[PDB]
Amino acid sequence: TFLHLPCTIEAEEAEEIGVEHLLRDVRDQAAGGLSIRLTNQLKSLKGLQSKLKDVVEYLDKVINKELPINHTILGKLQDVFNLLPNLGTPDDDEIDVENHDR
Amino acid sequence: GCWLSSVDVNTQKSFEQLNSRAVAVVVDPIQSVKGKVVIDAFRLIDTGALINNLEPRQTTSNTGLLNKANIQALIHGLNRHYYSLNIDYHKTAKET
Amino acid sequence: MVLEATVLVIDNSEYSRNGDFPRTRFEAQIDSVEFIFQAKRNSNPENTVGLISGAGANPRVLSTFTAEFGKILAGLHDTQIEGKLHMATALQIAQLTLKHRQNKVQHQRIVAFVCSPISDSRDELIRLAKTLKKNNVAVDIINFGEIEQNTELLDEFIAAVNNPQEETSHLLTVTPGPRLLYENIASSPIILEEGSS
Amino acid sequence: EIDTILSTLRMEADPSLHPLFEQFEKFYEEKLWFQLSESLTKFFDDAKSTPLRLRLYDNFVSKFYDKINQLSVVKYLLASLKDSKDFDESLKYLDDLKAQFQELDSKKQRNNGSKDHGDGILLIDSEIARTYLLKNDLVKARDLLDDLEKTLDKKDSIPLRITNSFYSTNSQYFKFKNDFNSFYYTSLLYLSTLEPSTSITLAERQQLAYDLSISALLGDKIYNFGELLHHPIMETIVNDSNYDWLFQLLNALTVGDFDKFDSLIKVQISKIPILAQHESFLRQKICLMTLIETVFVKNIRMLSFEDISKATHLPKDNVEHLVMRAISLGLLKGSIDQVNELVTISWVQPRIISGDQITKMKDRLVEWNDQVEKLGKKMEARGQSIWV
């Protein structure tokens with residue numbers, strides 16, 4: 001079976017100059033001012049939203065349709081719950097001191 | 001910089017014979033820093049074109065502008081052995 | 001005879017490690033290729049013989065069309081042997097192999113060596129017949145391993161295909177025991193049969 | 001020639017085995033050794049009490065062994081020399097068989113021009129290693145097995161048969177040593193590499209099922225009790241007296257349940273002396289698993305010691321000791337506070353699969369799915385200088 005390798009894409013400095021100037025847009029590989037960085041926060045959150053939905057759905061279709069179990073998916077997603085922050089802890093109180101400072 | 005030597009005129013000449021209109025694109029990639037500078041196209045000028053003034057018929061029915069990347073280097077071969085005309089870039093939206 | 005492309009389906013199986021032809025069948029099927037390949041050239045030197053395998057987990061291309069006998073054997077040396085025939089599947093890849101050619105004037109024929117009985121079905125083979133005669137591909141079955149201890153229903157498909165074609169379809173029986181596999185296919189019609197309009 | 005070989009073994013044999021012999025004459029004569037390879041393989045199922053089979057195999061070892069797959073020479077021989085309980089005899093015959101395969105292979109790789117014959121040498125080393133384990137020369141096998149391991153990792157085109165013999169042999173090594181944890185995982189690797197092809201018997205399924213269950217109970221880090229339950233192997237045999245309790249012990253641990261678990265443990269002290277000196281271990285083990293289940297199943301991750309105390313039927317002093325043992329073992333990471341009386345856990349090792357655990361994960365994502373969706377509208381709308 002096939003093991004996902006993540007990707008980020010790269011080019012030598014030979015190729016790259018021709019990429020940067022041929023492009024005639026804003027670019028998701030570069031950025032300008034504050035205004036573009038407000039855009040980025042909306043786009044980044046939208047990706048989470050869509051991706052969460054796929055996880056729930058996958059959990060549904062396992063107990064409905066009854067596709068075979070994967071402890072690779074279920075096991076990784078077990079970790080997510082212990083990593084999860086919660087509220088009312090001394091840690092969140094330390095965030096608020098930093099928010100006043102900044 | 002983009003210019004042509006004698007040896008490259010001999011190479012140029014036979015592509016001209018094979019395909020009536022043909023171009024030579026010359027890339028100097030170590031005076032290139034915007035991926036676009038010091039890249040020009042060139043094309044043979046005939047010996048008939050100089051003496052009977054049929055050289056600048058390529059300044060007409062086009063934009064009629066030539067944008068230099070090397071002022072010194074282009075101008076030398078612009079009368080001697082080539083005429084340079086400016087280069088453009090393109091893509092479809094799938095590509096972009 | 002003249003201008004003919006022929007996709008050899010050569011099976012490599014668990015019935016071919018038997019030694020009814022010297023020193024097993026793998027060794028006798030190597031010798032079949034040489035005679036076939038030369039003979040074609042003798043009629044017309046612009047003949048090409050291709051090769052695919054009905055063997056293993058997935059039938060695959062072992063070699064493409066070529067004017068060299070050397071390249072075709074070069075590809076055959078590394079074949080599977082664990083598999084069995086898949087007859088329906090063999091025909092659909094061979095049809096694809098005969099599409100890609102230098103010229104298209106060449107005749108379309110498939111000759112398939114049977115060493116092992118079908119792992120597919122009768123339901124599939126009925127369909128294959130209607131498919132083939134639209135494109136004038138002949139089915140020509142050299143059987144020698146589905147008559148050793150078996151029976152074949154492939155007689156039906158030969159006749160269903162045969163019409164005026166580029167190459168006619170006929171059934172070529174070769175004893176399963178010793179009779180020297182290589183000379184029997186060479187002696188029997190494989191270019192002595194030709195088409196008509 | 002072969003006529004004497006087959007005729008003698010008939011008298012020694014049971015009458016119901018008489019046709020088989022005659023079928024070995026028949027497929028010799030046809031010169032079709034495809035059906036012969038199947039007939040020999042079949043022979044040892046019907047005649048595993050009598051080593052008529054071993055004497056039969058001798059003739060066919062020296063004849064077809066390149067005119068039949070070598071994979072099949074290793075399958076019928078293995079049943080014969082495993083169940084041989086004279087193991088000097090086993091070693092001697094196997095070593096002579098290896099010398100014939102080493103000569104053969106050099107000409108025959110180019111001669112057939114379709115076949116391989118280097119595959120066979122690896123498997124003989126595995127059989128040689130098994131004979132040493134039974135004989136109780138566990139060290140001799142393990143260092144043979146390590147050199148064999150090296151060769152296998154550098155190949156990627158090797159059959160599914162090769163891996164099956166190697167793991168089986170490695171499991172028997174940990175069972176002699178009684179490493180419970182090590183046995184569990186390497187027997188799981190045998191199960192995966194199982195072939196529809198005859199290289200198993202009906203006996204072997206029931207006996208792996210017994211040995212797995214026993215190892216599991218007594219592991220120091222296992223929690224693959226639910227993984228076993230769901231597995232075919234242990235599913236089919238629960239209706240026999242030996243495997244009845246054995247199922248119910250495995251089941252009571254999965255589910256954390258004490259009322260069924262402790263009731264079973266009384267019986268097994270008397271019954272089985274293996275489990276009459278692990279009595280202390282097994283009671284700590286059920287409590288240990290339950291501890292991880294109660295905090296985790298909740299969406300609050302931090303939990304008072306009191307709730308644990310009625311649950312694991314232990315006072316507070318042992319609660320802290322249970323928790324400490326887990327951290328050591330690398331099953332949890334976290335803290336103990338006897339000031340605030342809290343256990344605050346923060347890393348968990350994978351839970352058992354069960355439909356209802358799935359349900360609790362799926363419901364848990366719901367809670368925070370709402371927040372992403374509602375916030376995604378607020379931020380979009382807001383900002384009038386998003387690109388102005």
# chains A, B, ... in the order shown; residues from 1 in each chain; ligands from 1
$ residues_around --residues "residue A:81" --least-positions-apart "4" --cutoff "12 Å" --atoms "only C-alpha atoms" --output "NGL selection string"
(:A and (74-77 or 85-86)) or (:D and (295-301 or 345-351 or 360-365 or 368))
$ write_last_selection --atoms "C-alpha atoms" --output "PDB file, in the first residue's frame"
ATOM      1  CA  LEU A  74      -7.914   5.980  14.630  1.00  0.00           C
ATOM      2  CA  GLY A  75      -4.596   5.786  16.464  1.00  0.00           C
ATOM      3  CA  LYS A  76      -3.256   9.147  15.199  1.00  0.00           C
ATOM      4  CA  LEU A  77      -6.639  10.738  15.947  1.00  0.00           C
ATOM      5  CA  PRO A  85      -6.222  22.213  25.232  1.00  0.00           C
ATOM      6  CA  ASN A  86      -8.988  22.945  27.735  1.00  0.00           C
TER       7      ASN A  86
ATOM      8  CA  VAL D 295     -10.134   9.682  32.543  1.00  0.00           C
ATOM      9  CA  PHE D 296      -9.714   9.486  28.766  1.00  0.00           C
ATOM     10  CA  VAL D 297     -13.378   8.617  27.972  1.00  0.00           C
ATOM     11  CA  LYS D 298     -14.334  11.834  29.596  1.00  0.00           C
ATOM     12  CA  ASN D 299     -13.655  15.222  27.865  1.00  0.00           C
ATOM     13  CA  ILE D 300     -12.029  16.455  31.084  1.00  0.00           C
ATOM     14  CA  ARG D 301      -8.530  15.324  31.278  1.00  0.00           C
ATOM     15  CA  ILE D 345      -2.588  12.963  32.302  1.00  0.00           C
ATOM     16  CA  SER D 346      -1.347  14.453  28.907  1.00  0.00           C
ATOM     17  CA  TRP D 347      -0.133  11.652  26.751  1.00  0.00           C
ATOM     18  CA  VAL D 348      -1.938   8.391  26.052  1.00  0.00           C
ATOM     19  CA  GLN D 349      -0.768   5.190  24.100  1.00  0.00           C
ATOM     20  CA  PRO D 350      -3.454   4.015  21.563  1.00  0.00           C
ATOM     21  CA  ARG D 351      -6.708   2.676  22.751  1.00  0.00           C
ATOM     22  CA  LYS D 360     -17.205   8.802  21.609  1.00  0.00           C
ATOM     23  CA  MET D 361     -14.446  10.202  19.267  1.00  0.00           C
ATOM     24  CA  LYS D 362     -16.895  11.247  16.563  1.00  0.00           C
ATOM     25  CA  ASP D 363     -19.156  13.083  19.226  1.00  0.00           C
ATOM     26  CA  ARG D 364     -16.112  14.716  20.761  1.00  0.00           C
ATOM     27  CA  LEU D 365     -15.187  16.475  17.364  1.00  0.00           C
ATOM     28  CA  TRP D 368     -15.295  22.043  18.527  1.00  0.00           C
TER      29      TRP D 368
END
$ residues_around --residues "residue C:156" --least-positions-apart "6" --cutoff "10 Å" --atoms "only C-alpha atoms" --output "MDAnalysis selection string"
chainID C and resid 125:126 129
$ write_last_selection --atoms "N, CA and C atoms" --output "CSV table (one decimal), in the first residue's frame"
chain,number,residue,atom,x,y,z
C,125,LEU,N,-15.5,-14.8,-22.7
C,125,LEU,CA,-15.0,-15.1,-23.9
C,125,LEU,C,-16.0,-15.0,-25.1
C,126,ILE,N,-17.3,-15.0,-24.7
C,126,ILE,CA,-18.4,-14.8,-25.7
C,126,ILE,C,-18.3,-13.4,-26.3
C,129,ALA,N,-15.3,-12.4,-28.6
C,129,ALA,CA,-15.5,-12.8,-30.0
C,129,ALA,C,-16.1,-11.8,-30.9
$ atom_distance --atom1 "atom CA of residue D:264" --atom2 "atom CA of residue D:250"
10.5 Å
$ closest_residue --among "C:178, C:54, C:195, C:164" --to "chain D" --atoms "only C-alpha atoms"
C:178
$ select_by_dssp --residues "chain B" --states "strand (DSSP E or B)" --output "short mmCIF file (atom, residue, chain, number, x, y, z; two decimals) with C-alpha atoms, in the first residue's frame"
data_model
loop_
_atom_site.label_atom_id
_atom_site.label_comp_id
_atom_site.auth_asym_id
_atom_site.auth_seq_id
_atom_site.Cartn_x
_atom_site.Cartn_y
_atom_site.Cartn_z
CA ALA B 24 17.59 32.71 -31.85
CA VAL B 25 16.93 33.21 -28.16
CA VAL B 26 20.07 33.89 -26.25
CA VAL B 27 20.05 33.40 -22.44
CA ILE B 39 17.42 37.32 -22.52
CA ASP B 40 16.71 38.65 -26.07
CA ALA B 41 15.76 37.23 -29.36
CA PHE B 42 17.75 38.00 -32.49
CA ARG B 43 17.29 37.19 -36.10
CA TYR B 83 18.14 43.04 -35.84
CA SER B 84 16.76 42.56 -32.27
CA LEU B 85 13.02 42.92 -31.53
#
$ closest_atom_pairs --of "chain D" --to "chain C" --cutoff "6 Å" --atoms "only C-alpha atoms" --output "JSON lines"
{"residue": "D:32", "atom": "CA", "partner": "C:18", "partner_atom": "CA", "distance": 5.7}
{"residue": "D:34", "atom": "CA", "partner": "C:15", "partner_atom": "CA", "distance": 6.0}
{"residue": "D:67", "atom": "CA", "partner": "C:17", "partner_atom": "CA", "distance": 5.1}
{"residue": "D:112", "atom": "CA", "partner": "C:27", "partner_atom": "CA", "distance": 5.5}
{"residue": "D:113", "atom": "CA", "partner": "C:77", "partner_atom": "CA", "distance": 4.9}
{"residue": "D:114", "atom": "CA", "partner": "C:79", "partner_atom": "CA", "distance": 5.3}
$ residues_around --residues "residue A:68" --least-positions-apart "5" --cutoff "12 Å" --atoms "only C-alpha atoms" --output "PDB file with N, CA, C and O atoms, in the first residue's frame"
ATOM      1  N   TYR A  58     -15.643  10.501   8.088  1.00  0.00           N
ATOM      2  CA  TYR A  58     -14.961   9.279   8.032  1.00  0.00           C
ATOM      3  C   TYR A  58     -15.343   8.391   9.171  1.00  0.00           C
ATOM      4  O   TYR A  58     -15.636   7.232   8.946  1.00  0.00           O
ATOM      5  N   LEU A  59     -15.451   8.956  10.390  1.00  0.00           N
ATOM      6  CA  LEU A  59     -15.966   8.286  11.583  1.00  0.00           C
ATOM      7  C   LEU A  59     -17.343   7.789  11.450  1.00  0.00           C
ATOM      8  O   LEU A  59     -17.576   6.721  11.984  1.00  0.00           O
ATOM      9  N   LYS A  61     -18.850   6.856   8.526  1.00  0.00           N
ATOM     10  CA  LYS A  61     -18.990   5.883   7.476  1.00  0.00           C
ATOM     11  C   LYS A  61     -18.400   4.560   7.876  1.00  0.00           C
ATOM     12  O   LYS A  61     -18.837   3.540   7.376  1.00  0.00           O
ATOM     13  N   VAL A  62     -17.509   4.585   8.873  1.00  0.00           N
ATOM     14  CA  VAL A  62     -16.985   3.397   9.494  1.00  0.00           C
ATOM     15  C   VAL A  62     -18.097   2.661  10.238  1.00  0.00           C
ATOM     16  O   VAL A  62     -18.149   1.405  10.160  1.00  0.00           O
ATOM     17  N   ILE A  63     -18.995   3.390  10.925  1.00  0.00           N
ATOM     18  CA  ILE A  63     -20.003   2.711  11.875  1.00  0.00           C
ATOM     19  C   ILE A  63     -21.346   2.518  11.161  1.00  0.00           C
ATOM     20  O   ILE A  63     -22.330   1.955  11.724  1.00  0.00           O
ATOM     21  N   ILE A  73      -5.348   5.589  11.294  1.00  0.00           N
ATOM     22  CA  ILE A  73      -6.169   6.761  11.348  1.00  0.00           C
ATOM     23  C   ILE A  73      -6.711   6.974  12.699  1.00  0.00           C
ATOM     24  O   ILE A  73      -6.686   8.083  13.238  1.00  0.00           O
ATOM     25  N   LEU A  74      -7.250   5.974  13.362  1.00  0.00           N
ATOM     26  CA  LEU A  74      -7.914   5.980  14.630  1.00  0.00           C
ATOM     27  C   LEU A  74      -6.919   6.190  15.698  1.00  0.00           C
ATOM     28  O   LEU A  74      -7.191   6.861  16.695  1.00  0.00           O
TER      29      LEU A  74
ATOM     30  N   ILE D 353      -9.824  -0.602  19.701  1.00  0.00           N
ATOM     31  CA  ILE D 353     -10.786  -0.271  18.726  1.00  0.00           C
ATOM     32  C   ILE D 353     -12.097  -0.886  19.286  1.00  0.00           C
ATOM     33  O   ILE D 353     -12.206  -2.052  19.596  1.00  0.00           O
ATOM     34  N   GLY D 355     -16.502  -0.092  18.266  1.00  0.00           N
ATOM     35  CA  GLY D 355     -17.549   0.815  17.707  1.00  0.00           C
ATOM     36  C   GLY D 355     -17.956   1.962  18.507  1.00  0.00           C
ATOM     37  O   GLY D 355     -18.125   3.060  18.106  1.00  0.00           O
TER      38      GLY D 355
END
$ interface_residues --of "chain A" --to "chain B" --cutoff "12 Å" --atoms "only C-alpha atoms" --output "PDB file with N, CA, C and O atoms, in the first residue's frame"
ATOM      1  N   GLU A  13      17.344  28.493  -7.672  1.00  0.00           N
ATOM      2  CA  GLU A  13      17.494  29.960  -7.744  1.00  0.00           C
ATOM      3  C   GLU A  13      17.672  30.336  -9.224  1.00  0.00           C
ATOM      4  O   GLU A  13      17.394  31.468  -9.610  1.00  0.00           O
ATOM      5  N   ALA A  14      18.002  29.343 -10.040  1.00  0.00           N
ATOM      6  CA  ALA A  14      18.102  29.460 -11.446  1.00  0.00           C
ATOM      7  C   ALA A  14      16.729  29.665 -12.112  1.00  0.00           C
ATOM      8  O   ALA A  14      16.374  30.602 -12.813  1.00  0.00           O
ATOM      9  N   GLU A  15      15.820  28.751 -11.730  1.00  0.00           N
ATOM     10  CA  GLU A  15      14.451  28.748 -12.151  1.00  0.00           C
ATOM     11  C   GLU A  15      13.658  29.855 -11.463  1.00  0.00           C
ATOM     12  O   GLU A  15      12.936  30.532 -12.150  1.00  0.00           O
ATOM     13  N   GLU A  16      13.825  30.031 -10.143  1.00  0.00           N
ATOM     14  CA  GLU A  16      12.977  30.873  -9.284  1.00  0.00           C
ATOM     15  C   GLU A  16      12.772  32.325  -9.698  1.00  0.00           C
ATOM     16  O   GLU A  16      11.671  32.867  -9.486  1.00  0.00           O
ATOM     17  N   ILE A  17      13.725  33.022 -10.265  1.00  0.00           N
ATOM     18  CA  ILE A  17      13.663  34.443 -10.668  1.00  0.00           C
ATOM     19  C   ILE A  17      12.668  34.677 -11.701  1.00  0.00           C
ATOM     20  O   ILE A  17      11.895  35.642 -11.685  1.00  0.00           O
ATOM     21  N   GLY A  18      12.618  33.748 -12.689  1.00  0.00           N
ATOM     22  CA  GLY A  18      11.699  33.716 -13.784  1.00  0.00           C
ATOM     23  C   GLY A  18      10.295  33.462 -13.318  1.00  0.00           C
ATOM     24  O   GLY A  18       9.471  34.234 -13.786  1.00  0.00           O
ATOM     25  N   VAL A  19      10.080  32.595 -12.249  1.00  0.00           N
ATOM     26  CA  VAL A  19       8.804  32.416 -11.566  1.00  0.00           C
ATOM     27  C   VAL A  19       8.196  33.636 -10.856  1.00  0.00           C
ATOM     28  O   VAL A  19       7.036  33.972 -10.993  1.00  0.00           O
ATOM     29  N   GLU A  20       9.026  34.342 -10.091  1.00  0.00           N
ATOM     30  CA  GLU A  20       8.645  35.454  -9.304  1.00  0.00           C
ATOM     31  C   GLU A  20       8.168  36.623 -10.187  1.00  0.00           C
ATOM     32  O   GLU A  20       7.041  37.104  -9.988  1.00  0.00           O
ATOM     33  N   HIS A  21       8.946  37.046 -11.209  1.00  0.00           N
ATOM     34  CA  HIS A  21       8.556  38.118 -12.033  1.00  0.00           C
ATOM     35  C   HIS A  21       7.553  37.812 -13.104  1.00  0.00           C
ATOM     36  O   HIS A  21       6.956  38.777 -13.573  1.00  0.00           O
ATOM     37  N   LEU A  22       7.417  36.499 -13.501  1.00  0.00           N
ATOM     38  CA  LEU A  22       6.378  36.145 -14.602  1.00  0.00           C
ATOM     39  C   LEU A  22       5.000  36.270 -14.053  1.00  0.00           C
ATOM     40  O   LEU A  22       4.075  36.725 -14.665  1.00  0.00           O
ATOM     41  N   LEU A  23       4.892  35.886 -12.746  1.00  0.00           N
ATOM     42  CA  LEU A  23       3.745  35.986 -11.929  1.00  0.00           C
ATOM     43  C   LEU A  23       3.394  37.439 -11.829  1.00  0.00           C
ATOM     44  O   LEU A  23       4.244  38.308 -11.944  1.00  0.00           O
ATOM     45  N   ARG A  24       2.126  37.752 -11.770  1.00  0.00           N
ATOM     46  CA  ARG A  24       1.634  39.059 -12.079  1.00  0.00           C
ATOM     47  C   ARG A  24       0.396  39.248 -11.163  1.00  0.00           C
ATOM     48  O   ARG A  24      -0.604  39.910 -11.450  1.00  0.00           O
ATOM     49  N   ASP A  25       0.484  38.637  -9.957  1.00  0.00           N
ATOM     50  CA  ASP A  25      -0.483  38.574  -8.927  1.00  0.00           C
ATOM     51  C   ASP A  25       0.141  38.863  -7.654  1.00  0.00           C
ATOM     52  O   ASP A  25       1.278  39.203  -7.645  1.00  0.00           O
ATOM     53  N   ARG A  27       0.210  36.440  -5.098  1.00  0.00           N
ATOM     54  CA  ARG A  27       1.020  35.263  -4.821  1.00  0.00           C
ATOM     55  C   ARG A  27       0.678  34.743  -3.473  1.00  0.00           C
ATOM     56  O   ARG A  27       0.402  35.518  -2.568  1.00  0.00           O
TER      57      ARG A  27
END
$ atom_distance --atom1 "atom CA of residue D:155" --atom2 "atom CA of residue D:117"
14.8 Å
$ residues_around --residues "residue B:46" --least-positions-apart "4" --cutoff "9 Å" --atoms "only C-alpha atoms" --output "count of residues only"
4
$ residues_around --residues "residue D:125" --least-positions-apart "6" --cutoff "9 Å" --atoms "only C-alpha atoms" --output "JSON, numbers by chain"
{"D": [94, 98, 144, 145, 148]}
$ write_last_selection --atoms "N, CA and C atoms" --output "JSON list (two decimals), in the first residue's frame"
[["chain", "number", "residue", "atom", "x", "y", "z"],
["D", 94, "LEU", "N", 18.45, -32.33, 6.66],
["D", 94, "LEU", "CA", 18.20, -30.94, 6.13],
["D", 94, "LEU", "C", 19.44, -30.38, 5.52],
["D", 98, "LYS", "N", 20.26, -28.97, 1.53],
["D", 98, "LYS", "CA", 20.86, -27.65, 1.28],
["D", 98, "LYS", "C", 22.00, -27.78, 0.33],
["D", 144, "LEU", "N", 21.69, -18.04, 13.94],
["D", 144, "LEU", "CA", 21.40, -18.46, 12.56],
["D", 144, "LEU", "C", 20.35, -17.57, 11.95],
["D", 145, "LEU", "N", 19.30, -17.34, 12.78],
["D", 145, "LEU", "CA", 18.17, -16.51, 12.47],
["D", 145, "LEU", "C", 18.60, -15.01, 12.23],
["D", 148, "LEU", "N", 20.23, -14.69, 8.87],
["D", 148, "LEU", "CA", 19.23, -14.91, 7.85],
["D", 148, "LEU", "C", 18.40, -13.59, 7.63]]
$ residues_around --residues "residue C:49" --least-positions-apart "4" --cutoff "6 Å" --atoms "only C-alpha atoms" --output "list in words"
residues 5, 6 and 65 of chain C
$ write_last_selection --atoms "N, CA and C atoms" --output "PDB file, in the first residue's frame"
ATOM      1  N   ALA C   5       1.865  -8.475 -38.377  1.00  0.00           N
ATOM      2  CA  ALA C   5       2.188  -8.214 -37.017  1.00  0.00           C
ATOM      3  C   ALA C   5       1.428  -9.170 -36.221  1.00  0.00           C
ATOM      4  N   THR C   6       2.146  -9.787 -35.302  1.00  0.00           N
ATOM      5  CA  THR C   6       1.661 -10.931 -34.589  1.00  0.00           C
ATOM      6  C   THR C   6       2.139 -10.791 -33.214  1.00  0.00           C
ATOM      7  N   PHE C  65       7.053  -4.373 -30.597  1.00  0.00           N
ATOM      8  CA  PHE C  65       7.378  -4.689 -31.943  1.00  0.00           C
ATOM      9  C   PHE C  65       8.756  -4.296 -32.211  1.00  0.00           C
TER      10      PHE C  65
END
$ closest_residue --among "D:97, D:5, D:140, D:198" --to "residue D:72" --atoms "only C-alpha atoms"
D:198
$ residues_around --residues "residue C:105" --least-positions-apart "2" --cutoff "12 Å" --atoms "only C-alpha atoms" --output "VMD selection string"
chain C and resid 2 to 5 46 to 48 98 to 99 101 to 103 107 to 108 166
$ closest_residue --among "A:11, A:29, A:1, A:40" --to "chain D" --atoms "only C-alpha atoms"
A:40
$ closest_residue --among "A:44, A:72, A:99, A:49" --to "chain D" --atoms "only C-alpha atoms"
A:49
$ closest_atom_pairs --of "chain A" --to "chain D" --cutoff "7 Å" --atoms "only C-alpha atoms" --output "CSV"
residue,atom,partner,partner_atom,distance
A:35,CA,D:386,CA,5.3
A:36,CA,D:387,CA,6.5
A:38,CA,D:386,CA,6.2
A:39,CA,D:386,CA,6.0
A:42,CA,D:380,CA,6.5
A:45,CA,D:376,CA,7.0
A:46,CA,D:376,CA,6.7
A:49,CA,D:372,CA,5.8
A:52,CA,D:369,CA,6.9
A:56,CA,D:362,CA,5.7
A:59,CA,D:362,CA,5.9
A:63,CA,D:355,CA,6.6
A:75,CA,D:350,CA,5.5
A:78,CA,D:350,CA,6.4
A:79,CA,D:348,CA,6.9
A:82,CA,D:346,CA,5.5
A:83,CA,D:346,CA,6.8
$ decode --residues "stretch 74-93 of chain C" --atoms "N, CA and C atoms" --output "PDB file, in the first residue's frame"
ATOM      1  N   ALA C  74      15.119 -11.349 -25.108  1.00  0.00           N
ATOM      2  CA  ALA C  74      15.724 -10.666 -23.956  1.00  0.00           C
ATOM      3  C   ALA C  74      14.802 -10.353 -22.865  1.00  0.00           C
ATOM      4  N   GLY C  75      13.567  -9.978 -23.311  1.00  0.00           N
ATOM      5  CA  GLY C  75      12.430  -9.739 -22.460  1.00  0.00           C
ATOM      6  C   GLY C  75      11.810 -10.941 -21.819  1.00  0.00           C
ATOM      7  N   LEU C  76      11.863 -12.156 -22.524  1.00  0.00           N
ATOM      8  CA  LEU C  76      11.243 -13.396 -22.059  1.00  0.00           C
ATOM      9  C   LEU C  76      11.925 -14.158 -20.901  1.00  0.00           C
ATOM     10  N   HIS C  77      13.243 -13.826 -20.702  1.00  0.00           N
ATOM     11  CA  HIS C  77      14.092 -14.467 -19.694  1.00  0.00           C
ATOM     12  C   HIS C  77      13.693 -14.219 -18.284  1.00  0.00           C
ATOM     13  N   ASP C  78      13.010 -13.112 -18.106  1.00  0.00           N
ATOM     14  CA  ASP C  78      12.704 -12.835 -16.666  1.00  0.00           C
ATOM     15  C   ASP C  78      11.285 -13.123 -16.142  1.00  0.00           C
ATOM     16  N   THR C  79      10.344 -13.632 -17.033  1.00  0.00           N
ATOM     17  CA  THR C  79       8.974 -14.056 -16.745  1.00  0.00           C
ATOM     18  C   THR C  79       8.654 -14.796 -15.494  1.00  0.00           C
ATOM     19  N   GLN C  80       7.430 -14.409 -14.985  1.00  0.00           N
ATOM     20  CA  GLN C  80       6.738 -15.099 -13.990  1.00  0.00           C
ATOM     21  C   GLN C  80       6.545 -16.568 -14.363  1.00  0.00           C
ATOM     22  N   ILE C  81       6.014 -17.350 -13.408  1.00  0.00           N
ATOM     23  CA  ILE C  81       5.829 -18.724 -13.671  1.00  0.00           C
ATOM     24  C   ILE C  81       4.676 -19.251 -12.771  1.00  0.00           C
ATOM     25  N   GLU C  82       4.185 -18.460 -11.840  1.00  0.00           N
ATOM     26  CA  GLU C  82       3.281 -18.844 -10.692  1.00  0.00           C
ATOM     27  C   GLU C  82       1.881 -18.747 -10.992  1.00  0.00           C
ATOM     28  N   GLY C  83       1.639 -18.006 -12.120  1.00  0.00           N
ATOM     29  CA  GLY C  83       0.368 -17.562 -12.626  1.00  0.00           C
ATOM     30  C   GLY C  83      -0.092 -18.708 -13.462  1.00  0.00           C
ATOM     31  N   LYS C  84      -1.191 -18.413 -14.191  1.00  0.00           N
ATOM     32  CA  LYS C  84      -1.960 -19.279 -15.072  1.00  0.00           C
ATOM     33  C   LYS C  84      -2.447 -18.398 -16.197  1.00  0.00           C
ATOM     34  N   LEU C  85      -3.079 -18.970 -17.240  1.00  0.00           N
ATOM     35  CA  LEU C  85      -3.666 -18.186 -18.249  1.00  0.00           C
ATOM     36  C   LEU C  85      -4.830 -17.412 -17.689  1.00  0.00           C
ATOM     37  N   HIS C  86      -4.988 -16.238 -18.247  1.00  0.00           N
ATOM     38  CA  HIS C  86      -6.100 -15.379 -18.200  1.00  0.00           C
ATOM     39  C   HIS C  86      -6.315 -15.001 -19.683  1.00  0.00           C
ATOM     40  N   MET C  87      -7.321 -15.618 -20.304  1.00  0.00           N
ATOM     41  CA  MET C  87      -7.359 -15.608 -21.754  1.00  0.00           C
ATOM     42  C   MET C  87      -7.983 -14.385 -22.328  1.00  0.00           C
ATOM     43  N   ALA C  88      -9.019 -13.875 -21.680  1.00  0.00           N
ATOM     44  CA  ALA C  88      -9.801 -12.685 -22.010  1.00  0.00           C
ATOM     45  C   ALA C  88      -9.013 -11.411 -21.867  1.00  0.00           C
ATOM     46  N   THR C  89      -8.208 -11.387 -20.768  1.00  0.00           N
ATOM     47  CA  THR C  89      -7.374 -10.323 -20.490  1.00  0.00           C
ATOM     48  C   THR C  89      -6.228 -10.151 -21.453  1.00  0.00           C
ATOM     49  N   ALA C  90      -5.613 -11.293 -21.919  1.00  0.00           N
ATOM     50  CA  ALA C  90      -4.549 -11.372 -22.832  1.00  0.00           C
ATOM     51  C   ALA C  90      -4.884 -10.689 -24.139  1.00  0.00           C
ATOM     52  N   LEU C  91      -6.145 -10.940 -24.659  1.00  0.00           N
ATOM     53  CA  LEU C  91      -6.699 -10.504 -25.927  1.00  0.00           C
ATOM     54  C   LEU C  91      -6.840  -8.985 -25.887  1.00  0.00           C
ATOM     55  N   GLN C  92      -7.335  -8.342 -24.830  1.00  0.00           N
ATOM     56  CA  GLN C  92      -7.510  -6.937 -24.770  1.00  0.00           C
ATOM     57  C   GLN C  92      -6.245  -6.186 -24.763  1.00  0.00           C
ATOM     58  N   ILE C  93      -5.115  -6.621 -24.016  1.00  0.00           N
ATOM     59  CA  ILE C  93      -3.813  -6.015 -24.094  1.00  0.00           C
ATOM     60  C   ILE C  93      -3.214  -6.235 -25.469  1.00  0.00           C
TER      61      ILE C  93
END
